[PDB]
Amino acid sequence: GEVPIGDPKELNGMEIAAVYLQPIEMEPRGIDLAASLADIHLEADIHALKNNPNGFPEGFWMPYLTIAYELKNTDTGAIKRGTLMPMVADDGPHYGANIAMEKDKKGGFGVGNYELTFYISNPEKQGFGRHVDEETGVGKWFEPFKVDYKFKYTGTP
C-alpha cells in the first residue's frame, strides 16, 4: 500500500500529490535505481482538475512534465536530489523513482522528519504542442514552479 506524503496541492490546472511505497522493478532496466538498492518508490500523482486551462480532461494524467525532486531530512540535515521518470504501474501512469533511504551509502536518510519538493516544468520543454487557434486552442502553460510537502518517514514499507 501507498503512504501519503503531506497534503496535495492544486495549482496550474493540476492536482499534485505525493506518495511512497515499497521499491518496485522497472523496465527498461538501467534507468530507475534497482529495487534491491532502494528503500521506497516515490511517486508524483498529477492529474487534471476540472476546467484545466490547457485542455486536459478532468482526471487525465498530466504527461510530458519534467520533474525533479529534492528530499531533505530535517533532523539530520541530509539533502538529496533526483528526477522522477514517467512510467506505468497497475494503477496507471505516474512519475516515479526508486530511492535509497536507509540504504543510501551517504547516510542521514533514515527514519525521521522530511521535506519533499517537486520542481516542475511544462510539457513544451519536451516539445509537446498546444493548439492556439480560435476554434480549438488552449491557454499558455505555467512557468516552472515548485511545490513542497512535509512528512514523517517511518521506514522502508
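We number the residues from 1 along the sequence you see.
Participant: Quick one: say whether 22-30 or 59-67 has the higher mean Cα B-factor in the deposited entry.
Facilitator: 22-30 has the higher mean C-alpha B-factor.
Participant: So, looking at the entry's B-factor column for Cα atoms, which has the higher mean, 124-132 or 46-54?
Facilitator: The stretch with the larger average C-alpha B-factor is 124-132.
Participant: Test of reading the entry: by CA B factor among the chain's modelled residues, which third contains residue 113?
Facilitator: Within its chain, residue 113 is a highest-third residue by C-alpha B-factor, going by the deposited values.
Participant: C-alpha B factor of residue 87, ranked within the chain: lowest, middle or highest third?
Facilitator: As the PDB entry reports it, the C-alpha B-factor of residue 87 lands in the lowest third of its chain.
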